[PDB]
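Undergrad: My structure file my_file.cif, mmCIF, C-alpha atoms and all ligand atoms, is below:
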```
data_data
loop_
_atom_site.group_PDB
_atom_site.id
_atom_site.type_symbol
_atom_site.label_atom_id
_atom_site.label_comp_id
_atom_site.auth_asym_id
_atom_site.auth_seq_id
_atom_site.Cartn_x
_atom_site.Cartn_y
_atom_site.Cartn_z
ATOM 1 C CA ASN A 703 11.108 -27.197 -43.956
ATOM 2 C CA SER A 704 12.908 -27.017 -47.286
ATOM 3 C CA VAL A 705 11.430 -25.409 -50.386
ATOM 4 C CA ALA A 706 12.748 -26.716 -53.696
ATOM 5 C CA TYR A 707 14.646 -24.111 -55.702
ATOM 6 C CA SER A 708 14.798 -24.388 -59.474
ATOM 7 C CA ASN A 709 15.801 -22.030 -62.270
ATOM 8 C CA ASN A 710 12.878 -22.964 -64.525
ATOM 9 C CA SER A 711 10.036 -23.565 -62.050
ATOM 10 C CA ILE A 712 7.488 -21.317 -60.330
ATOM 11 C CA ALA A 713 4.543 -21.805 -57.975
ATOM 12 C CA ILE A 714 1.255 -19.915 -58.231
ATOM 13 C CA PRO A 715 -1.713 -20.110 -55.823
ATOM 14 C CA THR A 716 -5.155 -21.035 -57.123
ATOM 15 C CA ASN A 717 -7.320 -20.180 -54.089
ATOM 16 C CA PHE A 718 -7.333 -17.610 -51.297
ATOM 17 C CA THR A 719 -8.450 -17.199 -47.695
ATOM 18 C CA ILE A 720 -9.918 -14.304 -45.703
ATOM 19 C CA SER A 721 -8.559 -14.186 -42.155
ATOM 20 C CA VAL A 722 -9.260 -11.947 -39.163
ATOM 21 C CA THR A 723 -6.762 -11.517 -36.319
ATOM 22 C CA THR A 724 -6.737 -9.507 -33.097
ATOM 23 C CA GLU A 725 -4.356 -6.885 -31.694
ATOM 24 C CA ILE A 726 -4.429 -5.353 -28.202
ATOM 25 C CA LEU A 727 -2.677 -2.129 -27.148
ATOM 26 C CA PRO A 728 -2.787 -0.156 -23.880
ATOM 27 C CA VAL A 729 -3.650 3.537 -24.167
ATOM 28 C CA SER A 730 -3.883 5.106 -20.702
ATOM 29 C CA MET A 731 -3.340 4.334 -17.026
ATOM 30 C CA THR A 732 -4.959 5.397 -13.753
ATOM 31 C CA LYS A 733 -4.724 9.022 -12.617
ATOM 32 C CA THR A 734 -3.850 9.337 -8.926
ATOM 33 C CA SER A 735 -3.067 12.062 -6.404
ATOM 34 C CA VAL A 736 -1.227 12.117 -3.079
ATOM 35 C CA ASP A 737 -1.370 14.371 -0.010
ATOM 36 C CA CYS A 738 1.965 14.760 1.785
ATOM 37 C CA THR A 739 0.633 15.892 5.146
ATOM 38 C CA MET A 740 -2.007 13.178 5.395
ATOM 39 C CA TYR A 741 0.368 10.455 4.200
ATOM 40 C CA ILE A 742 3.386 11.371 6.345
ATOM 41 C CA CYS A 743 2.104 13.130 9.469
ATOM 42 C CA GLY A 744 -1.498 11.958 9.634
ATOM 43 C CA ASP A 745 -3.481 13.654 12.386
ATOM 44 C CA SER A 746 -0.494 15.287 14.111
ATOM 45 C CA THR A 747 0.226 19.003 13.709
ATOM 46 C CA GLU A 748 3.705 19.213 15.225
ATOM 47 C CA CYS A 749 4.851 16.853 12.470
ATOM 48 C CA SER A 750 3.426 19.287 9.909
ATOM 49 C CA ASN A 751 5.282 22.143 11.602
ATOM 50 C CA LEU A 752 8.510 20.141 11.343
ATOM 51 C CA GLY B 504 34.715 6.366 43.569
ATOM 52 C CA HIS B 505 35.186 3.742 46.292
ATOM 53 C CA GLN B 506 32.357 4.963 48.538
ATOM 54 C CA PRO B 507 29.182 2.825 48.617
ATOM 55 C CA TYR B 508 26.061 3.724 46.652
ATOM 56 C CA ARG B 509 22.385 2.734 46.593
ATOM 57 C CA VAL B 510 20.603 1.662 43.405
ATOM 58 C CA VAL B 511 16.905 1.290 42.569
ATOM 59 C CA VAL B 512 15.968 0.069 39.084
ATOM 60 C CA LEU B 513 12.468 0.482 37.646
ATOM 61 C CA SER B 514 11.474 -1.659 34.658
ATOM 62 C CA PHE B 515 8.349 -1.003 32.587
ATOM 63 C CA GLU B 516 6.557 -3.208 30.083
ATOM 64 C CA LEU B 517 4.312 -1.682 27.449
ATOM 65 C CA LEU B 518 0.556 -2.112 26.986
ATOM 66 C CA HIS B 519 -0.357 -5.669 26.045
ATOM 67 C CA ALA B 520 -2.484 -6.641 29.060
ATOM 68 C CA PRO B 521 -5.112 -4.367 30.628
ATOM 69 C CA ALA B 522 -3.484 -1.404 32.334
ATOM 70 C CA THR B 523 -3.098 -1.498 36.106
ATOM 71 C CA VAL B 524 -0.562 1.181 37.121
ATOM 72 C CA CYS B 525 -0.586 4.813 36.009
ATOM 73 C CA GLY B 526 -0.832 8.332 37.328
ATOM 74 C CA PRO B 527 -3.752 10.594 38.139
ATOM 75 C CA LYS B 528 -6.007 11.803 35.332
ATOM 76 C CA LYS B 529 -9.702 12.637 35.357
ATOM 77 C CA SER B 530 -11.868 10.874 32.783
ATOM 78 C CA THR B 531 -14.752 12.402 30.835
ATOM 79 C CA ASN B 532 -17.755 10.722 29.197
ATOM 80 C CA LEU B 533 -17.898 8.905 25.864
ATOM 81 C CA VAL B 534 -18.899 10.998 22.845
ATOM 82 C CA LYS B 535 -19.609 9.248 19.552
ATOM 83 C CA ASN B 536 -20.308 10.158 15.922
ATOM 84 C CA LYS B 537 -18.313 13.397 16.211
ATOM 85 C CA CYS B 538 -14.768 14.303 15.202
ATOM 86 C CA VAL B 539 -12.872 14.531 18.489
ATOM 87 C CA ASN B 540 -9.415 13.891 19.936
ATOM 88 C CA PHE B 541 -9.256 11.062 22.469
ATOM 89 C CA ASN B 542 -6.949 9.419 25.002
ATOM 90 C CA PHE B 543 -7.329 5.704 25.803
ATOM 91 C CA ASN B 544 -4.843 4.549 28.471
ATOM 92 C CA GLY B 545 -2.138 6.805 27.017
ATOM 93 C CA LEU B 546 -2.654 6.644 23.240
ATOM 94 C CA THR B 547 -3.724 9.821 21.454
ATOM 95 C CA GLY B 548 -5.385 10.549 18.143
ATOM 96 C CA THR B 549 -8.298 12.245 16.424
ATOM 97 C CA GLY B 550 -11.323 10.678 14.786
ATOM 98 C CA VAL B 551 -14.875 9.416 15.180
ATOM 99 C CA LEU B 552 -15.883 6.751 17.705
ATOM 100 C CA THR B 553 -18.616 4.323 16.678
HETATM 101 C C1 LIG C 801 -11.429 -22.338 -52.374
HETATM 102 O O1 LIG C 801 -11.663 -22.548 -50.979
HETATM 103 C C2 LIG C 801 -13.050 -22.545 -50.612
HETATM 104 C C3 LIG C 801 -13.098 -22.670 -49.108
HETATM 105 O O2 LIG C 801 -12.834 -24.004 -48.693
HETATM 106 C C4 LIG C 801 -13.777 -23.675 -51.335
HETATM 107 O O3 LIG C 801 -15.165 -23.611 -51.026
HETATM 108 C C5 LIG C 801 -15.590 -24.850 -50.419
HETATM 109 O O4 LIG C 801 -15.665 -25.901 -51.391
HETATM 110 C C6 LIG C 801 -16.045 -27.170 -50.838
HETATM 111 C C7 LIG C 801 -15.981 -28.172 -51.967
HETATM 112 O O5 LIG C 801 -16.917 -27.856 -52.990
HETATM 113 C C8 LIG C 801 -17.432 -27.071 -50.211
HETATM 114 O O6 LIG C 801 -17.758 -28.313 -49.599
HETATM 115 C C9 LIG C 801 -17.465 -25.961 -49.170
HETATM 116 O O7 LIG C 801 -18.791 -25.785 -48.685
HETATM 117 C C10 LIG C 801 -16.965 -24.650 -49.771
HETATM 118 N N1 LIG C 801 -16.944 -23.593 -48.770
HETATM 119 C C11 LIG C 801 -16.223 -23.629 -47.641
HETATM 120 C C12 LIG C 801 -16.353 -22.433 -46.746
HETATM 121 O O8 LIG C 801 -15.497 -24.577 -47.354
HETATM 122 C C13 LIG C 801 -13.580 -23.539 -52.839
HETATM 123 O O9 LIG C 801 -14.152 -24.658 -53.506
HETATM 124 C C14 LIG C 801 -12.096 -23.451 -53.181
HETATM 125 N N2 LIG C 801 -11.913 -23.239 -54.607
HETATM 126 C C15 LIG C 801 -11.348 -24.144 -55.411
HETATM 127 C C16 LIG C 801 -11.238 -23.760 -56.856
HETATM 128 O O10 LIG C 801 -10.944 -25.223 -54.993
HETATM 129 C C1 LIG C 802 19.735 -24.431 -64.073
HETATM 130 O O1 LIG C 802 19.739 -25.452 -63.064
HETATM 131 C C2 LIG C 802 20.402 -26.668 -63.438
HETATM 132 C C3 LIG C 802 20.216 -27.634 -62.292
HETATM 133 O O2 LIG C 802 20.497 -27.016 -61.044
HETATM 134 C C4 LIG C 802 21.866 -26.377 -63.741
HETATM 135 O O3 LIG C 802 22.505 -27.578 -64.155
HETATM 136 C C5 LIG C 802 21.964 -25.329 -64.840
HETATM 137 O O4 LIG C 802 23.327 -24.977 -65.046
HETATM 138 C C6 LIG C 802 21.177 -24.076 -64.459
HETATM 139 N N1 LIG C 802 21.209 -23.101 -65.540
HETATM 140 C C7 LIG C 802 20.699 -23.307 -66.762
HETATM 141 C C8 LIG C 802 20.836 -22.170 -67.727
HETATM 142 O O5 LIG C 802 20.150 -24.361 -67.076
#
```
Could you take the file, read its structure, and then write that structure out as structure tokens?

TA:
Amino acid sequence: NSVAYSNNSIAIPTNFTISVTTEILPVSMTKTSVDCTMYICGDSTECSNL
Amino acid sequence: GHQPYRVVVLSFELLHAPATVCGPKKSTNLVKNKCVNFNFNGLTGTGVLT
């Protein structure tokens, strides 16, 4: 594109337009929880003792 | 170090086929729908059988 520059000329709009756009933003994530003994040792008890 | 010796080598393969050789152990009945620790051909654990 190339707009024409001049030192004695101006451009003025004669009509408008109403537009509606959309914006999306994350807010929060999932809350989780972990259990060390169940994850690492499972059903064993000697592993828990270690 | 130069005297003769006698050698016997025992080789085991793990459980992939149905078990055939293992030592003495009495077997109980099957109990289901109850938290219980079990032993199936040498593997241990704790859970519910269904
Ligand atoms: C400003 O723009 C609006 C929107 O296009 C124009 O309104 C349209 O005009 C035409 C021609 O008369 C009609 O066929 C349409 O029905 C009108 N509405 C729409 C939504 O298009 C309006 O005429 C323009 N203003 C000027 C001064 O040109
Ligand atoms: C305005 O623009 C013209 C053309 O670019 C140039 O010749 C002139 O010197 C400029 N200034 C005036 C005061 O005209």

Undergrad: Please write as a PyMOL selection string the full residue list that the PyMOL selection byres (((not hetatm)) within 9 of (chain C and resi 802)) yields on this file.

TA: chain A and resi 707-710

Undergrad: For ligand LIG 801 (chain C), return the neighbouring residues as a PyMOL selection string (distance at most 12 Å; only C-alpha atoms and all ligand atoms).

TA: chain A and resi 715-721

Undergrad: Report the residues retrieved by the PyMOL selection byres ((chain A) within 10 of (chain B)) from the displayed file, expressed as a short mmCIF file (atom, residue, chain, number, x, y, z; two decimals) with C-alpha atoms, in the frame of the given file.

TA:
```cif
data_model
loop_
_atom_site.label_atom_id
_atom_site.label_comp_id
_atom_site.auth_asym_id
_atom_site.auth_seq_id
_atom_site.Cartn_x
_atom_site.Cartn_y
_atom_site.Cartn_z
CA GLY A 744 -1.50 11.96 9.63
CA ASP A 745 -3.48 13.65 12.39
CA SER A 746 -0.49 15.29 14.11
#
```

Undergrad: Just checking: using only C-alpha atoms, which residue out of B:513, B:551, B:508, B:520 ends up closest to residue 536 of chain B?

TA: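 Closest to residue 536 of chain B, using only C-alpha atoms: B:551.
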
Undergrad: Do you have the atom CA of residue 542 of chain B-atom CA of residue 748 of chain A distance handy?

TA: 17.5 Å

Undergrad: For atom CA of residue 739 of chain A and atom CA of residue 534 of chain B, quote the distance in Å rounded to one decimal.

TA: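 Atom CA of residue 739 of chain A sits 26.8 Å away from atom CA of residue 534 of chain B.
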
Undergrad: Could you please determine the separation between atom CA of residue 546 of chain B and atom CA of residue 532 of chain B in Å, to one decimal place?

TA: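 Computing the Euclidean distance for atom CA of residue 546 of chain B and atom CA of residue 532 of chain B yields 16.7 Å.
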
Undergrad: Within 12 Å of (-1.8, -2.5, 21.6), only C-alpha atoms: residues as a PyMOL selection string?

TA: chain B and resi 516-522+543-546

Undergrad: Where atoms are absent from segment 516-539 of chain B, fill them in so it carries N, CA, C and O atoms, then output it as a compact mmCIF listing (two decimals), in the frame of the given file.

TA:
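File selection_29.txt, as written:
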```txt
# COMPACT_ATOMS: atom_id res chain seq x y z
N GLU B 516 6.97 -2.50 31.29
CA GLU B 516 6.56 -3.21 30.08
C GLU B 516 5.37 -2.48 29.48
O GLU B 516 4.53 -1.92 30.20
N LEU B 517 5.29 -2.49 28.16
CA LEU B 517 4.31 -1.68 27.45
C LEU B 517 2.92 -2.30 27.57
O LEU B 517 2.71 -3.28 28.30
N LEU B 518 1.96 -1.73 26.86
CA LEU B 518 0.56 -2.11 26.99
C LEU B 518 0.26 -3.31 26.10
O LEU B 518 0.13 -3.18 24.88
N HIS B 519 0.17 -4.48 26.70
CA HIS B 519 -0.36 -5.67 26.04
C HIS B 519 -1.50 -6.29 26.84
O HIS B 519 -2.46 -6.78 26.24
N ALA B 520 -1.42 -6.26 28.15
CA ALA B 520 -2.48 -6.64 29.06
C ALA B 520 -3.25 -5.40 29.48
O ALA B 520 -2.83 -4.27 29.21
N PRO B 521 -4.41 -5.55 30.12
CA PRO B 521 -5.11 -4.37 30.63
C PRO B 521 -4.25 -3.59 31.61
O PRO B 521 -3.52 -4.17 32.42
N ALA B 522 -4.32 -2.27 31.52
CA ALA B 522 -3.48 -1.40 32.33
C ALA B 522 -3.87 -1.50 33.80
O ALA B 522 -5.05 -1.63 34.14
N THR B 523 -2.87 -1.45 34.67
CA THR B 523 -3.10 -1.50 36.11
C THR B 523 -2.47 -0.32 36.84
O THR B 523 -3.07 0.18 37.80
N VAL B 524 -1.30 0.13 36.42
CA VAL B 524 -0.56 1.18 37.12
C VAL B 524 -0.42 2.38 36.20
O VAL B 524 0.13 2.25 35.10
N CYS B 525 -0.90 3.54 36.64
CA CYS B 525 -0.59 4.81 36.01
C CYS B 525 -1.10 5.96 36.86
O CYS B 525 -1.88 5.77 37.80
N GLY B 526 -0.66 7.17 36.50
CA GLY B 526 -0.83 8.33 37.33
C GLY B 526 -2.24 8.89 37.30
O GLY B 526 -3.15 8.34 36.67
N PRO B 527 -2.41 10.01 37.98
CA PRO B 527 -3.75 10.59 38.14
C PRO B 527 -4.18 11.33 36.88
O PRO B 527 -3.42 12.11 36.31
N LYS B 528 -5.42 11.08 36.45
CA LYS B 528 -6.01 11.80 35.33
C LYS B 528 -7.51 11.61 35.37
O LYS B 528 -7.99 10.48 35.42
N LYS B 529 -8.25 12.72 35.35
CA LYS B 529 -9.70 12.64 35.36
C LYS B 529 -10.21 12.20 33.99
O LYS B 529 -9.65 12.55 32.95
N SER B 530 -11.30 11.44 34.00
CA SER B 530 -11.87 10.87 32.78
C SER B 530 -13.24 11.47 32.51
O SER B 530 -14.06 11.61 33.43
N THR B 531 -13.48 11.83 31.26
CA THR B 531 -14.75 12.40 30.84
C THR B 531 -15.68 11.29 30.35
O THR B 531 -15.40 10.10 30.52
N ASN B 532 -16.80 11.67 29.74
CA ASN B 532 -17.76 10.72 29.20
C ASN B 532 -17.38 10.33 27.77
O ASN B 532 -16.46 10.88 27.17
N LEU B 533 -18.10 9.36 27.23
CA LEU B 533 -17.90 8.90 25.86
C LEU B 533 -18.79 9.70 24.92
O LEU B 533 -20.00 9.80 25.14
N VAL B 534 -18.19 10.26 23.88
CA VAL B 534 -18.90 11.00 22.84
C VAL B 534 -18.63 10.31 21.52
O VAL B 534 -17.48 10.03 21.18
N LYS B 535 -19.70 10.05 20.76
CA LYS B 535 -19.61 9.25 19.55
C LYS B 535 -20.20 10.01 18.38
O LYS B 535 -20.97 10.96 18.55
N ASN B 536 -19.81 9.59 17.17
CA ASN B 536 -20.31 10.16 15.92
C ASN B 536 -19.95 11.64 15.79
O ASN B 536 -20.71 12.42 15.22
N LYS B 537 -18.79 12.03 16.31
CA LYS B 537 -18.31 13.40 16.21
C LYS B 537 -16.79 13.38 16.15
O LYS B 537 -16.15 12.65 16.91
N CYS B 538 -16.22 14.19 15.26
CA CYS B 538 -14.77 14.30 15.20
C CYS B 538 -14.25 14.90 16.50
O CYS B 538 -14.69 15.97 16.93
N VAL B 539 -13.32 14.19 17.14
CA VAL B 539 -12.87 14.53 18.49
C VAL B 539 -11.52 13.87 18.70
O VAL B 539 -11.22 12.84 18.10
```
